[PDB]
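*Asks:* Heads up: the sequence lines are chains A and A', in that order. A prime marks a further copy of an entry chain.
Residues in the first sequence are numbered consecutively from 1, following the deposited numbering.
Residues in the second sequence are numbered consecutively from 1, following the deposited numbering.
Backbone N, C-alpha and C fix where the C-beta goes; we use that ideal spot for every residue, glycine too.
Dumping the structure here so I can ask a few things about it.
2 protein chains.
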Amino acid sequence: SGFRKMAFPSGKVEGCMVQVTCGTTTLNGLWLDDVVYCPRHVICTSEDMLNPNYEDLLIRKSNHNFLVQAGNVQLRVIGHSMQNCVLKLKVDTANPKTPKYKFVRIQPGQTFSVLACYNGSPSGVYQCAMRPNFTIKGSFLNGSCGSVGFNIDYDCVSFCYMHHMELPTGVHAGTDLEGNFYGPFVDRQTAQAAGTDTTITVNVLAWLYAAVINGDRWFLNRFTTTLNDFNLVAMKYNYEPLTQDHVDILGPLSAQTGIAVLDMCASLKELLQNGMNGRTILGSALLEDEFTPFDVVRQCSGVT
Amino acid sequence: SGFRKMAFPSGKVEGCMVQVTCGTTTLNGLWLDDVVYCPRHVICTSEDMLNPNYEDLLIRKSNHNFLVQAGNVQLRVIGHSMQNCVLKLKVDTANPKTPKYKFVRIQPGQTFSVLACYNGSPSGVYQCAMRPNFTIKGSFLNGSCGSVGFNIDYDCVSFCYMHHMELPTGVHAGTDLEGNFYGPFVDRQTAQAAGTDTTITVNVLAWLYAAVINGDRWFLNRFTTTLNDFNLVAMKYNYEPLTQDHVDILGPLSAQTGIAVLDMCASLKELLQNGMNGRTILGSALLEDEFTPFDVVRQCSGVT
Ligand SMILES: Cn1cncc1NC(=O)Cc1cccc(Cl)c1
Ligand SMILES: Cn1cncc1NC(=O)Cc1cccc(Cl)c1
Numbered sequence: 001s002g003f004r005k006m007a008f009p010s011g012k013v014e015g016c017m018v019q020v021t022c023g024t025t026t027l028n029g030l031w032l033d034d035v036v037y038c039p040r041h042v043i044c045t046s047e048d049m050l051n052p053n054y055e056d057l058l059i060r061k062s063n064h065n066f067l068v069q070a071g072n073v074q075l076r077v078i079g080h081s082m083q084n085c086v087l088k089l090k091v092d093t094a095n096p097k098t099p100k101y102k103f104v105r106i107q108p109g110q111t112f113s114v115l116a117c118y119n120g121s122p123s124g125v126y127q128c129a130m131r132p133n134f135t136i137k138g139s140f141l142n143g144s145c146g147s148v149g150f151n152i153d154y155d156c157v158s159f160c161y162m163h164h165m166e167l168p169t170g171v172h173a174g175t176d177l178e179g180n181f182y183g184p185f186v187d188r189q190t191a192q193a194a195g196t197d198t199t200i201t202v203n204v205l206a207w208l209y210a211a212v213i214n215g216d217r218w219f220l221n222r223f224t225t226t227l228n229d230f231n232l233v234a235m236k237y238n239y240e241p242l243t244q245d246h247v248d249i250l251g252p253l254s255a256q257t258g259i260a261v262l263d264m265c266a267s268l269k270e271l272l273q274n275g276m277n278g279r280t281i282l283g284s285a286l287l288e289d290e291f292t293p294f295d296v297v298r299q300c301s302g303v304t
Numbered sequence: 001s002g003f004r005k006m007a008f009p010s011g012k013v014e015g016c017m018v019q020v021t022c023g024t025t026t027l028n029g030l031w032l033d034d035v036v037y038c039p040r041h042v043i044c045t046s047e048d049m050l051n052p053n054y055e056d057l058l059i060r061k062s063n064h065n066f067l068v069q070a071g072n073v074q075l076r077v078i079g080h081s082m083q084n085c086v087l088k089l090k091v092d093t094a095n096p097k098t099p100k101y102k103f104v105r106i107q108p109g110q111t112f113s114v115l116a117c118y119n120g121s122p123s124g125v126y127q128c129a130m131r132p133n134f135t136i137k138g139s140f141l142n143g144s145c146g147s148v149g150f151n152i153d154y155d156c157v158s159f160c161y162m163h164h165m166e167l168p169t170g171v172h173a174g175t176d177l178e179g180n181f182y183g184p185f186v187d188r189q190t191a192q193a194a195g196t197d198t199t200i201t202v203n204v205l206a207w208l209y210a211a212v213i214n215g216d217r218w219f220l221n222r223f224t225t226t227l228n229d230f231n232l233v234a235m236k237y238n239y240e241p242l243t244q245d246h247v248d249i250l251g252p253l254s255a256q257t258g259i260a261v262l263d264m265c266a267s268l269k270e271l272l273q274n275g276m277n278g279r280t281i282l283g284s285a286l287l288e289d290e291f292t293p294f295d296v297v298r299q300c301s302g303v304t
C-alpha cells in the first residue's frame, strides 16, 4: 500500500538523450534510430527569439553547423529538416540504445513522465499532467529545451512531449514529436495567453478511489448525486464537466471498491463545498488531479 | 522555473535489477559486480514469517535453490551468505551494467529515489525522505521487497535503502545495503512501534526558499525570530528543533535569496501558527518536508 506521484523508469529514454549545439545555442535532442529530434529554436540567437523567421534562419545552416554529441561520441549529421517546430537531424549512425517506441499526441488531462535534461545529460524524472489548457506545470530551467515527456507500455516508449518554452507566467509549453504545439503557443518570446484552466475531474475521482484503496476513507459520506447535479458544482468550482465516458473509465475502480461512481461524486461535491477541514487525503491537503484512472490501477496492481 | 518532487534518473539502477526466487517466494535483487543482494526473507514461507529463525531456514538452502534471473538471463549462484537482514548471492558473472556505486547509510531527514520493482522488473520511480522515525512513506505492494533507494552524484550511485516490509500502519521499513534496518524494525510479521515522527524543519525551510526562488512569496513577512523562540513553536507543532548546523546548510539559499535564515524561520512560525488560509505554496496546501537544502539547490541550478 501507499500512493505516490510515480514516474516511469527513465532508462530507456536516458539512452536516447543527446546534446545539440547550433551556433551559440545548446539544448537537448532525442536520438531514435538515425534521427535526432530537437526544438527548432536551437538555430536562434537571443536577438532572433522576439520574432524568428525560422525558414530563413535554417537556410543559413548546413549539416556541419549542427553539433550532436551523445555523451562523448560525436554524431555525423547527414541531413536536416524542419517539421513544424522541430528539427530532424539525420545522422549516419542508428542509436544502438533505441528502444521500441511510438510518437503519440496525448489528450489534455492525460499524464506522462518528463526526463528533465541539460546539455544532453539527464538531471531528474517527474510525473505530470497535460493541463486542460495544454500547458504543463513542470520544473525546467534554461537549457532544458528538448527534454521529453513519455509513457511506457511494457517495452514500448510512447513519446508524447518535447519541451520548448516557459511562458512569462512560469508554466511550460511544448510540442508532440512531430513539432506541433499543444495549445495555442508559438515558439517566440512574446507574452501568450494560456487560457482558462480547469481541474481534471475524472483524475480527482480516480485519486479518491486510490485513497479508499490505500486506507484514507474519512471523506466518504451517506450521499449520492447525479451527473447533472455534480456538474453544477463542477461548474462553480472550475472542474471539467463529468461525462458518461469518464464514469465508464472509472468502472474498474468502482468495481474494485464497491463505491458507485456517483456516490464518489457526492464525496467530491462535499469536499468542494466544505474543503478538507484541515485534514489530508494521501498526504495532500488539496484535491489532486495528476493521476488518471489508468495510473491508479497501474500503481495499485504493480504493473512492470 | 517550477519546482517538482523530482527523482534521479533510474537507468543506472534499472540495469542492476534481477528477480530472486527461493522456494515459493519471489522478490527483487540488486546485481552489482558478481554479487546479488536481496532481503533475507526470500527464504521464508508465510508460516515462517511470524518468527523466522533465519539461520536455520538458510541452512536448508543450497546455492542451487536461489533462482536468479536478470530479465531472461539465468545467473549461476556459486555462494550465499547472510549479512544482517540481507542475503548476498555470489554469481559467476559480473553484471556488465554495474555502474560506479557506493553503499551508504543515510541519515533521517535525507532524501532518495526509489525504483519500485516487481519480479525483477522496474515499475516506477519516486522521490521520498527517510522520516525522522526511520520509516518511509512509499508506494510498495507485495513483491516489491528488494526494491532499492539511491542517490546519484554524477556517475556514482549511492545505494542507501533496500525495501523489506510494510508495517501494519501502512508505512515502510527497510535496511541499508549491509542489511541493517533503519529504525527499530525486525523482519518478522509482528506489530512494531514506529515511534513518534516529526516534520523535517530544515527541509521545510529549504522548500520555502525554493518557493521564493520560483515566485511564491505571499508567506514572507515583516518579522524575524531567534532559534530559541522558533524552537518553542517547533516543539508545539512537532517539528525537529532547528540547530546552527541546519542554519549553516541553509546558507547557500539564504545567500541566493537575500532572506536571512531566522527571517525565513519567522515566516515558518507564522505559517505554523496561522495555517495557509486556503492558499498554496509550490502547488501544495501543506508545508512540504521532502526536499533537502541540497535538493533545492540541485533542482534550482540544473545539476546533471
Ligand atoms: C526558461 N526556460 C524554461 N524552460 C524552457 C526555457 N527556455 C525558454 O523559454 C527559452 C525560449 C524563449 C522563447 C521562446 C522559446 Cl521557444 C524558448
Ligand atoms: C505488503 N508489502 C509492501 N511492501 C512490502 C510488503 N511485504 C511485506 O511486508 C511482507 C513481509 C511481512 C513481514 C515481514 C517482512 Cl520482512 C516482510
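1) For residue 69(A'), decide whether its Cβ has a neighbour in chain A, counting only Cβ atoms nearer than 8 angstroms.
2) Should residue 49(A) be listed as close to ligand 1, given that the test is whether its C-beta is under 7 angstroms from any heavy atom?
3) Contact criterion: CB-CB distance below 8 angstroms. Does residue 173(A') meet it with respect to chain A?
4) Cβ atoms of residue 82(A) and residue 58(A): under 8 angstroms apart, would you say?
5) Residue 55(A): beta carbon under 7 angstroms from a heavy atom of ligand 1?
6) Where do the ends of the beta strand (DSSP E) carrying residue 74(A') lie?
7) Run through chain A' and tell me which residues come within less than 9 angstroms of residue 215(A), C-beta to C-beta.
8) Look at the alpha carbon of residue 50(A') and the alpha carbon of residue 38(A'), and state the distance between them as a whole number of angstroms.
9) What residues from chain A' crowd round residue 9(A), counting only those whose CB sits closer than 7 angstroms?
10) Identify the contact partners of residue 185(A) in chain A', using a Cβ-Cβ distance below 9 angstroms as the criterion.
11) Anyone know if the C-beta pair for residue 245(A') and residue 85(A') falls short of 8 angstroms?
12) Could you spell out the range, first to last residue, of the alpha helix (DSSP H) harbouring residue 11(A)?
13) Given that residue 188(A) touches chain A', what residues does it touch there, using C-beta distances under 9 angstroms?
14) Residue 123(A') lies in the beta strand (DSSP E); which residues open and close that run?
15) Check the DSSP bridge columns for residue 166(A') and list the partner residues they point to.
16) Would you say the beta carbon of residue 165(A) is closer than 7 angstroms to some non-hydrogen atom of ligand 1?
17) Return the bridge partner residues of residue 153(A) from the DSSP annotation.
18) Quick check for students: name the residue ranges of the alpha helix (DSSP H) that lie wholly in the segment 81-108 of chain A', counting only runs of 4 or more.
19) Would you list the one or two residues that DSSP bridges to residue 70(A)?
20) Residue 187(A): beta carbon under 7 angstroms from a heavy atom of ligand 1?
21) Starting from the C-beta of residue 247(A), find all residues in its chain whose C-beta is less than 7 angstroms away, skip the five residues before and the five after it, and write them out in chain order.
22) Relative to ligand 1, is the shortest distance from any of its heavy atoms to the C-beta of residue 140(A) smaller than 7 angstroms?
23) Closest to residue 153(A) by CA distance: which of 2(A), 1(A) and 7(A) is it?
24) So for residue 235(A), helix, strand or coil by DSSP?
25) In the structure shown, what three-state DSSP assignment does residue 31(A') receive?
26) Do the segment 101-120 of chain A and the segment 283-297 of chain A meet, that is, are 3 or more Cβ pairs less than 8 angstroms apart?
27) If you follow the beta strand (DSSP E) that residue 265(A') is part of, which residue opens it and which one closes it?
28) In whole angstroms, what is the alpha-carbon distance linking residue 1(A') and residue 209(A')?
29) Can you give the beta carbon distance from residue 146(A) to residue 29(A), rounded, assuming they're within the 8 angstroms contact cut?
30) Please report the straight-line C-alpha distance between residue 99(A) and residue 46(A'), rounded to a whole angstrom.
31) Under 7 angstroms from any heavy atom of ligand 2, does the C-beta of residue 301(A) make it?
32) Give me the subset of the segment 142-172 of chain A' whose CB atoms are less than 9 angstroms from a CB atom of chain A, sorted by chain position.
33) Can you tell me which of 115(A'), 267(A'), 36(A') and 43(A') puts its alpha carbon nearest to the alpha carbon of residue 76(A')?
*Replies:* For this structure:
1) no
2) yes
3) no
4) yes
5) no
6) 73-75
7) 170
8) The alpha-carbon atoms of residue 50(A') and residue 38(A') are separated by roughly 20 angstroms.
9) 10, 14, 115, 122, 124 and 125
10) Residues of chain A' passing the Cβ test: none, with the nearest at roughly 16 angstroms.
11) No, the Cβ-Cβ distance between residue 245(A') and residue 85(A') is not below 8 angstroms.
12) 11-14
13) Simply none; closest approach about 19 angstroms.
14) 121-129
15) 172(A')
16) Checking the 7 angstroms criterion, the Cβ of residue 165(A) is within range of a heavy atom belonging to ligand 1.
17) 156(A)
18) none
19) Under DSSP, the beta-bridge partners assigned to residue 70(A) are 73(A).
20) At least one heavy atom of ligand 1 falls within 7 angstroms of the beta-carbon of residue 187(A).
21) 261
22) Within the cutoff, so yes.
23) Checked all of 2(A), 1(A) and 7(A); the closest Cα to residue 153(A) is 7(A).
24) helix
25) strand
26) yes
27) No beta strand (DSSP E) holds residue 265(A'); the alpha helix (DSSP H) holding it covers 261-274.
28) Rounded to the nearest whole angstrom, the CA to CA distance from residue 1(A') to residue 209(A') is 13 angstroms.
29) 5 angstroms
30) 39 angstroms
31) no
32) 142, 143, 144, 166, 170, 171 and 172
33) 36(A')
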